[PDB]
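> So here's entry.pdb (PDB, C-alpha atoms and all ligand atoms).
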```pdb
MODEL        1
ATOM      1  CA  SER A   7      -2.278 -10.052   1.340  1.00  0.00           C
ATOM      2  CA  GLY A   8      -1.347  -7.675   4.175  1.00  0.00           C
ATOM      3  CA  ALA A   9      -2.368  -4.549   6.057  1.00  0.00           C
ATOM      4  CA  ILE A  10      -1.029  -1.613   8.102  1.00  0.00           C
ATOM      5  CA  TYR A  11      -2.379  -1.401  11.648  1.00  0.00           C
ATOM      6  CA  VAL A  12      -1.913   2.149  13.013  1.00  0.00           C
ATOM      7  CA  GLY A  13      -3.990   3.525  15.908  1.00  0.00           C
ATOM      8  CA  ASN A  14      -7.574   2.307  15.385  1.00  0.00           C
ATOM      9  CA  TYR A  15      -7.148   2.021  11.597  1.00  0.00           C
ATOM     10  CA  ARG A  16      -6.540  -0.904   9.238  1.00  0.00           C
ATOM     11  CA  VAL A  17      -5.079   0.135   5.828  1.00  0.00           C
ATOM     12  CA  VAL A  18      -5.500  -2.424   3.019  1.00  0.00           C
ATOM     13  CA  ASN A  19      -5.487  -2.591  -0.761  1.00  0.00           C
ATOM     14  CA  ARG A  20      -9.009  -1.531  -1.815  1.00  0.00           C
ATOM     15  CA  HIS A  21      -9.203  -4.568  -4.152  1.00  0.00           C
ATOM     16  CA  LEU A  22      -8.606  -6.937  -1.165  1.00  0.00           C
ATOM     17  CA  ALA A  23     -11.003  -5.251   1.286  1.00  0.00           C
ATOM     18  CA  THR A  24     -13.397  -7.624   3.106  1.00  0.00           C
ATOM     19  CA  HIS A  25     -17.111  -7.173   3.922  1.00  0.00           C
ATOM     20  CA  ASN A  26     -16.088  -6.245   7.476  1.00  0.00           C
ATOM     21  CA  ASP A  27     -13.800  -3.537   6.031  1.00  0.00           C
ATOM     22  CA  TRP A  28     -16.640  -2.081   3.912  1.00  0.00           C
ATOM     23  CA  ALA A  29     -19.057  -2.267   6.902  1.00  0.00           C
ATOM     24  CA  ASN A  30     -16.562  -0.295   9.108  1.00  0.00           C
ATOM     25  CA  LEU A  31     -15.307   2.070   6.394  1.00  0.00           C
ATOM     26  CA  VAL A  32     -13.312   5.234   7.186  1.00  0.00           C
ATOM     27  CA  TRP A  33     -12.051   6.217   3.689  1.00  0.00           C
ATOM     28  CA  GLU A  34     -11.456   4.646   0.263  1.00  0.00           C
ATOM     29  CA  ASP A  35      -9.950   5.802  -3.047  1.00  0.00           C
ATOM     30  CA  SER A  36     -10.087   3.569  -6.140  1.00  0.00           C
ATOM     31  CA  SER A  37      -7.457   5.720  -7.991  1.00  0.00           C
ATOM     32  CA  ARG A  38      -4.960   4.938  -5.208  1.00  0.00           C
ATOM     33  CA  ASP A  39      -6.044   1.293  -4.585  1.00  0.00           C
ATOM     34  CA  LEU A  40      -6.467   2.110  -0.877  1.00  0.00           C
ATOM     35  CA  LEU A  41      -9.151   1.507   1.748  1.00  0.00           C
ATOM     36  CA  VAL A  42      -9.072   2.243   5.481  1.00  0.00           C
ATOM     37  CA  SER A  43     -11.427   0.654   8.027  1.00  0.00           C
ATOM     38  CA  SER A  44     -11.791   1.104  11.804  1.00  0.00           C
ATOM     39  CA  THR A  45     -10.527  -1.447  14.365  1.00  0.00           C
ATOM     40  CA  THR A  46     -11.439  -2.301  17.939  1.00  0.00           C
ATOM     41  CA  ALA A  47      -7.823  -3.046  18.958  1.00  0.00           C
ATOM     42  CA  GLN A  48      -4.916  -0.525  18.675  1.00  0.00           C
ATOM     43  CA  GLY A  49      -2.191  -1.322  16.167  1.00  0.00           C
ATOM     44  CA  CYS A  50       1.598  -1.124  16.466  1.00  0.00           C
ATOM     45  CA  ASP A  51       2.711   0.249  13.125  1.00  0.00           C
ATOM     46  CA  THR A  52       3.963   3.881  12.964  1.00  0.00           C
ATOM     47  CA  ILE A  53       3.569   5.842   9.596  1.00  0.00           C
ATOM     48  CA  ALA A  54       6.733   7.433   8.154  1.00  0.00           C
ATOM     49  CA  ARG A  55       6.513  11.242   7.771  1.00  0.00           C
ATOM     50  CA  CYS A  56       9.645  11.755   5.747  1.00  0.00           C
ATOM     51  CA  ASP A  57      11.229  12.090   2.291  1.00  0.00           C
ATOM     52  CA  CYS A  58      12.947   8.655   2.069  1.00  0.00           C
ATOM     53  CA  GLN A  59      13.313   7.196  -1.341  1.00  0.00           C
ATOM     54  CA  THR A  60      15.183   4.012  -0.138  1.00  0.00           C
ATOM     55  CA  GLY A  61      13.651   1.381   2.122  1.00  0.00           C
ATOM     56  CA  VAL A  62      12.738  -2.294   2.417  1.00  0.00           C
ATOM     57  CA  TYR A  63       9.620  -4.205   1.372  1.00  0.00           C
ATOM     58  CA  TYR A  64       8.155  -7.597   2.226  1.00  0.00           C
ATOM     59  CA  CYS A  65       7.696 -10.036  -0.659  1.00  0.00           C
ATOM     60  CA  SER A  66       5.385 -12.968   0.301  1.00  0.00           C
ATOM     61  CA  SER A  67       6.211 -14.915  -2.903  1.00  0.00           C
ATOM     62  CA  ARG A  68       9.837 -15.101  -1.664  1.00  0.00           C
ATOM     63  CA  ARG A  69       9.267 -15.033   2.149  1.00  0.00           C
ATOM     64  CA  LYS A  70      11.872 -12.241   2.167  1.00  0.00           C
ATOM     65  CA  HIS A  71      12.368  -8.528   2.786  1.00  0.00           C
ATOM     66  CA  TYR A  72      14.335  -6.732   0.024  1.00  0.00           C
ATOM     67  CA  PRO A  73      16.075  -3.326   0.070  1.00  0.00           C
ATOM     68  CA  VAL A  74      14.901  -1.044  -2.738  1.00  0.00           C
ATOM     69  CA  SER A  75      15.227   2.412  -4.224  1.00  0.00           C
ATOM     70  CA  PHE A  76      11.776   3.736  -5.228  1.00  0.00           C
ATOM     71  CA  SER A  77      10.402   6.680  -7.180  1.00  0.00           C
ATOM     72  CA  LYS A  78       8.480   9.611  -5.681  1.00  0.00           C
ATOM     73  CA  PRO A  79       4.659   9.221  -5.541  1.00  0.00           C
ATOM     74  CA  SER A  80       3.302   9.863  -9.028  1.00  0.00           C
ATOM     75  CA  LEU A  81       0.425   9.326 -11.503  1.00  0.00           C
ATOM     76  CA  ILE A  82       1.353   6.193 -13.494  1.00  0.00           C
ATOM     77  CA  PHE A  83      -0.539   4.269 -16.169  1.00  0.00           C
ATOM     78  CA  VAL A  84      -1.037   0.705 -14.883  1.00  0.00           C
ATOM     79  CA  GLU A  85      -2.129  -2.239 -17.089  1.00  0.00           C
ATOM     80  CA  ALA A  86      -5.356  -4.164 -16.597  1.00  0.00           C
ATOM     81  CA  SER A  87      -5.622  -6.799 -13.934  1.00  0.00           C
ATOM     82  CA  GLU A  88      -8.589  -8.899 -12.673  1.00  0.00           C
ATOM     83  CA  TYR A  89      -9.373  -6.024 -10.218  1.00  0.00           C
ATOM     84  CA  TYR A  90      -9.049  -2.840 -12.387  1.00  0.00           C
ATOM     85  CA  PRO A  91      -9.033  -1.954 -16.117  1.00  0.00           C
ATOM     86  CA  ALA A  92      -5.865  -0.283 -17.495  1.00  0.00           C
ATOM     87  CA  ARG A  93      -5.901   3.224 -15.957  1.00  0.00           C
ATOM     88  CA  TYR A  94      -3.857   5.946 -14.196  1.00  0.00           C
ATOM     89  CA  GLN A  95      -3.111   5.074 -10.545  1.00  0.00           C
ATOM     90  CA  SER A  96      -2.203   8.045  -8.335  1.00  0.00           C
ATOM     91  CA  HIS A  97       0.299   8.307  -5.444  1.00  0.00           C
ATOM     92  CA  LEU A  98       2.167   5.231  -6.807  1.00  0.00           C
ATOM     93  CA  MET A  99       5.948   4.621  -6.351  1.00  0.00           C
ATOM     94  CA  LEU A 100       7.878   2.106  -8.496  1.00  0.00           C
ATOM     95  CA  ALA A 101      10.975   0.039  -7.704  1.00  0.00           C
ATOM     96  CA  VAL A 102      12.900  -2.839  -9.227  1.00  0.00           C
ATOM     97  CA  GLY A 103      11.987  -5.946  -7.259  1.00  0.00           C
ATOM     98  CA  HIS A 104      10.299  -9.300  -7.575  1.00  0.00           C
ATOM     99  CA  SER A 105       6.540  -9.368  -7.167  1.00  0.00           C
ATOM    100  CA  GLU A 106       3.377 -11.438  -7.998  1.00  0.00           C
ATOM    101  CA  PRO A 107      -0.313 -10.438  -7.629  1.00  0.00           C
ATOM    102  CA  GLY A 108      -0.707 -12.055  -4.158  1.00  0.00           C
ATOM    103  CA  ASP A 109       2.220  -9.929  -2.835  1.00  0.00           C
ATOM    104  CA  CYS A 110      -0.207  -6.936  -2.607  1.00  0.00           C
ATOM    105  CA  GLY A 111      -0.408  -5.742   0.982  1.00  0.00           C
ATOM    106  CA  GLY A 112       3.279  -6.248   1.791  1.00  0.00           C
ATOM    107  CA  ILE A 113       4.734  -3.267   3.650  1.00  0.00           C
ATOM    108  CA  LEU A 114       7.375  -0.896   2.317  1.00  0.00           C
ATOM    109  CA  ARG A 115       9.182   0.871   5.214  1.00  0.00           C
ATOM    110  CA  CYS A 116      12.134   3.030   6.108  1.00  0.00           C
ATOM    111  CA  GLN A 117      13.760   3.816   9.592  1.00  0.00           C
ATOM    112  CA  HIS A 118      10.870   6.326  10.155  1.00  0.00           C
ATOM    113  CA  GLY A 119       8.088   3.815   9.771  1.00  0.00           C
ATOM    114  CA  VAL A 120       5.689   2.494   7.183  1.00  0.00           C
ATOM    115  CA  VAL A 121       5.822   4.200   3.766  1.00  0.00           C
ATOM    116  CA  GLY A 122       3.193   2.218   1.796  1.00  0.00           C
ATOM    117  CA  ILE A 123       1.945  -1.180   0.621  1.00  0.00           C
ATOM    118  CA  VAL A 124       2.516  -3.293  -2.490  1.00  0.00           C
ATOM    119  CA  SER A 125      -0.224  -2.577  -5.109  1.00  0.00           C
ATOM    120  CA  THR A 126       1.139  -3.249  -8.692  1.00  0.00           C
ATOM    121  CA  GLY A 127       3.951  -5.140 -10.439  1.00  0.00           C
ATOM    122  CA  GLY A 128       5.364  -7.418 -13.127  1.00  0.00           C
ATOM    123  CA  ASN A 129       8.587  -8.089 -15.113  1.00  0.00           C
ATOM    124  CA  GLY A 130      10.878  -7.267 -12.246  1.00  0.00           C
ATOM    125  CA  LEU A 131       9.000  -4.133 -11.123  1.00  0.00           C
ATOM    126  CA  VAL A 132       6.988  -3.603  -7.924  1.00  0.00           C
ATOM    127  CA  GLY A 133       4.674  -0.602  -7.273  1.00  0.00           C
ATOM    128  CA  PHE A 134       3.675   0.715  -3.839  1.00  0.00           C
ATOM    129  CA  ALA A 135       0.665   2.797  -2.833  1.00  0.00           C
ATOM    130  CA  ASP A 136       2.095   5.658  -0.708  1.00  0.00           C
ATOM    131  CA  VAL A 137       0.446   6.497   2.652  1.00  0.00           C
ATOM    132  CA  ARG A 138       2.846   9.209   3.928  1.00  0.00           C
ATOM    133  CA  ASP A 139       0.504  12.090   2.914  1.00  0.00           C
ATOM    134  CA  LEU A 140      -2.455  10.638   4.952  1.00  0.00           C
ATOM    135  CA  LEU A 141      -1.742  12.646   8.085  1.00  0.00           C
ATOM    136  CA  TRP A 142      -5.089  11.838   9.671  1.00  0.00           C
ATOM    137  CA  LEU A 143      -3.896   8.211  10.222  1.00  0.00           C
ATOM    138  CA  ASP A 144      -1.905   9.582  13.213  1.00  0.00           C
ATOM    139  CA  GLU A 145      -4.936  10.911  15.128  1.00  0.00           C
ATOM    140  CA  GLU A 146      -8.248   9.585  16.520  1.00  0.00           C
TER     141      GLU A 146
HETATM  142  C1  LIG B   1      -4.005  -7.255  -8.008  1.00  0.00           C
HETATM  143  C2  LIG B   1      -3.706  -6.092  -8.934  1.00  0.00           C
HETATM  144  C3  LIG B   1      -4.191  -4.773  -8.350  1.00  0.00           C
HETATM  145  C4  LIG B   1      -4.088  -3.630  -9.301  1.00  0.00           C
HETATM  146  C5  LIG B   1      -3.571  -2.402  -9.138  1.00  0.00           C
HETATM  147  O1  LIG B   1      -3.721  -1.704 -10.302  1.00  0.00           O
HETATM  148  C6  LIG B   1      -4.298  -2.603 -11.133  1.00  0.00           C
HETATM  149  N1  LIG B   1      -4.553  -3.745 -10.611  1.00  0.00           N
HETATM  150  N2  LIG B   1      -2.262  -5.924  -9.115  1.00  0.00           N
HETATM  151  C7  LIG B   1      -1.613  -6.798  -9.895  1.00  0.00           C
HETATM  152  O2  LIG B   1      -2.147  -7.387 -10.843  1.00  0.00           O
HETATM  153  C8  LIG B   1      -0.205  -7.088  -9.536  1.00  0.00           C
HETATM  154  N3  LIG B   1       0.319  -6.606  -8.406  1.00  0.00           N
HETATM  155  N4  LIG B   1       1.599  -7.111  -8.347  1.00  0.00           N
HETATM  156  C9  LIG B   1       2.376  -6.951  -7.129  1.00  0.00           C
HETATM  157  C10 LIG B   1       1.906  -7.850  -9.449  1.00  0.00           C
HETATM  158  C11 LIG B   1       3.065  -8.520  -9.812  1.00  0.00           C
HETATM  159  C12 LIG B   1       3.081  -9.211 -11.018  1.00  0.00           C
HETATM  160  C13 LIG B   1       1.962  -9.216 -11.845  1.00  0.00           C
HETATM  161  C14 LIG B   1       0.803  -8.546 -11.478  1.00  0.00           C
HETATM  162  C15 LIG B   1       0.765  -7.862 -10.260  1.00  0.00           C
HETATM  163 ZN    ZN B   2      11.888   7.635   6.142  1.00  0.00          ZN
ENDMDL
END
```
Step by step, read the file and then write its structure as structure tokens.

Amino acid sequence: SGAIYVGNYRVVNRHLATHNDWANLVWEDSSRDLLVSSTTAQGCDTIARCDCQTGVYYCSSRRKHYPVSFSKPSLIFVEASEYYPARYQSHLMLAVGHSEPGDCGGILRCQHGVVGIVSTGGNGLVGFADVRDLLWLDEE
């Protein structure tokens, strides 16, 4: 589990969105595994607007942050899970790192801010849904 709280937005994995998220929906995209809802309170996370391809992510199944090198956002074929059939996921970045299904929502960041959230994984890989192209997260 996990979310990004920037401005009056909450960014979560689409497959983990709650009824309150769907009832206060701003934007969703199944191909990216992302959903954004509106919030009453202002958040403290800042979105990275950069070209970093090294950063750190939070792994809840280890209670630890790990440094990683990650690929550029791409269209990758992801295997079936209980939330999606096997399909192409867009704007996905892969790294070598431990992960388990419940680690989705953990933040990947660099010195510039939040880069994305954990969305896929297995066998020593972890995949992150990028958010750096969603420029509208920075404005009302
Ligand atoms: C919950 C789904 C979401 C999903 C996105 O694309 C299709 N399904 N993801 C997973 O199944 C999953 N995510 N991580 C971090 C893993 C690590 C090890 C094994 C499985 C996973
Ligand atoms: Zn950066």
> So the first atom is CA of residue 31 in chain A and the second is CA of residue 13 in chain A; what is the distance between them in Å, to one decimal place?
14.9 Å
> Report as CSV: every residue of chain A with an atom at most 7 Å from ligand LIG 1 (chain B), its closest pair of atoms, and their distance in Å to one decimal, counting only C-alpha atoms and all ligand atoms, with rows sorted by chain and ascending residue number.

```
residue,atom,partner,partner_atom,distance
A:21,CA,B:LIG1,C3,6.5
A:39,CA,B:LIG1,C5,6.4
A:84,CA,B:LIG1,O1,5.8
A:85,CA,B:LIG1,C6,6.3
A:86,CA,B:LIG1,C6,5.8
A:87,CA,B:LIG1,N1,4.6
A:88,CA,B:LIG1,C1,6.7
A:89,CA,B:LIG1,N1,5.3
A:90,CA,B:LIG1,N1,4.9
A:91,CA,B:LIG1,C6,6.9
A:92,CA,B:LIG1,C6,7.0
A:95,CA,B:LIG1,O1,6.8
A:105,CA,B:LIG1,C11,4.4
A:106,CA,B:LIG1,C11,3.5
A:107,CA,B:LIG1,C15,3.8
A:108,CA,B:LIG1,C9,6.7
A:109,CA,B:LIG1,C9,5.2
A:110,CA,B:LIG1,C9,5.2
A:124,CA,B:LIG1,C9,5.9
A:125,CA,B:LIG1,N3,5.2
A:126,CA,B:LIG1,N3,3.5
A:127,CA,B:LIG1,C10,3.5
A:128,CA,B:LIG1,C12,3.6
A:129,CA,B:LIG1,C12,7.0
A:132,CA,B:LIG1,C9,5.8
A:133,CA,B:LIG1,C9,6.8
```
> Can you turn the PyMOL selection byres (((chain A and resi 114) around 12) and not hetatm) into a concrete residue list for this file, as a short mmCIF file (atom, residue, chain, number, x, y, z; two decimals) with C-alpha atoms, in the frame of the given file?

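What landed in part.cif:
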```
data_model
loop_
_atom_site.label_atom_id
_atom_site.label_comp_id
_atom_site.auth_asym_id
_atom_site.auth_seq_id
_atom_site.Cartn_x
_atom_site.Cartn_y
_atom_site.Cartn_z
CA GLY A 8 -1.35 -7.68 4.18
CA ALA A 9 -2.37 -4.55 6.06
CA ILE A 10 -1.03 -1.61 8.10
CA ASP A 51 2.71 0.25 13.12
CA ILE A 53 3.57 5.84 9.60
CA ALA A 54 6.73 7.43 8.15
CA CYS A 58 12.95 8.65 2.07
CA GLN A 59 13.31 7.20 -1.34
CA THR A 60 15.18 4.01 -0.14
CA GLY A 61 13.65 1.38 2.12
CA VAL A 62 12.74 -2.29 2.42
CA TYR A 63 9.62 -4.20 1.37
CA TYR A 64 8.15 -7.60 2.23
CA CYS A 65 7.70 -10.04 -0.66
CA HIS A 71 12.37 -8.53 2.79
CA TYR A 72 14.34 -6.73 0.02
CA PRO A 73 16.08 -3.33 0.07
CA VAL A 74 14.90 -1.04 -2.74
CA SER A 75 15.23 2.41 -4.22
CA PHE A 76 11.78 3.74 -5.23
CA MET A 99 5.95 4.62 -6.35
CA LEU A 100 7.88 2.11 -8.50
CA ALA A 101 10.98 0.04 -7.70
CA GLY A 103 11.99 -5.95 -7.26
CA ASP A 109 2.22 -9.93 -2.84
CA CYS A 110 -0.21 -6.94 -2.61
CA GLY A 111 -0.41 -5.74 0.98
CA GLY A 112 3.28 -6.25 1.79
CA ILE A 113 4.73 -3.27 3.65
CA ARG A 115 9.18 0.87 5.21
CA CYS A 116 12.13 3.03 6.11
CA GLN A 117 13.76 3.82 9.59
CA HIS A 118 10.87 6.33 10.15
CA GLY A 119 8.09 3.82 9.77
CA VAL A 120 5.69 2.49 7.18
CA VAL A 121 5.82 4.20 3.77
CA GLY A 122 3.19 2.22 1.80
CA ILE A 123 1.94 -1.18 0.62
CA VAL A 124 2.52 -3.29 -2.49
CA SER A 125 -0.22 -2.58 -5.11
CA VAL A 132 6.99 -3.60 -7.92
CA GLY A 133 4.67 -0.60 -7.27
CA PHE A 134 3.68 0.72 -3.84
CA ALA A 135 0.66 2.80 -2.83
CA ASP A 136 2.10 5.66 -0.71
CA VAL A 137 0.45 6.50 2.65
CA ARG A 138 2.85 9.21 3.93
#
```
> Using all atoms listed in the file for the distances, tell me which of A:42, A:81, A:96, A:55 is nearest to residue 139 in chain A.
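Among A:42, A:81, A:96, A:55, it is A:55 that comes nearest to residue 139 in chain A.
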> For a quick check of understanding, using all atoms listed in the file, which of A:19, A:52, A:67, A:80 has the smallest distance to ligand ZN 2 (chain B)?
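Going through A:19, A:52, A:67, A:80 one by one, the smallest distance to ligand ZN 2 (chain B) is for A:52.
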> Which residues fall under the PyMOL selection byres (((chain A and resi 145) around 10) and not hetatm) in this file, as a PyMOL selection string?
chain A and resi 12-15+141-144+146
> What does the distance from CA of residue 130 in chain A to CA of residue 38 in chain A come to in Å, to one decimal?
21.2 Å
> Between CA of residue 98 in chain A and CA of residue 27 in chain A, what is the spacing in Å?
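Between these atoms lies a distance of 22.3 Å.
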> The PyMOL selection byres (((chain A and resi 32) around 8) and not hetatm) on the file shown: which residues, as a list in words?
residues 30, 31, 33, 34, 41, 42, 43 and 44 of chain A
> Considering all atoms listed in the file, can you say which of A:23, A:102, A:56, A:140 comes closest to ligand ZN 2 (chain B)?
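Closest to ligand ZN 2 (chain B), using all atoms listed in the file: A:56.
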> Nearest residue to ligand ZN 2 (chain B) out of A:17, A:36, A:57, A:48, using all atoms listed in the file?
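Between A:17, A:36, A:57, A:48, the residue approaching ligand ZN 2 (chain B) most closely is A:57.
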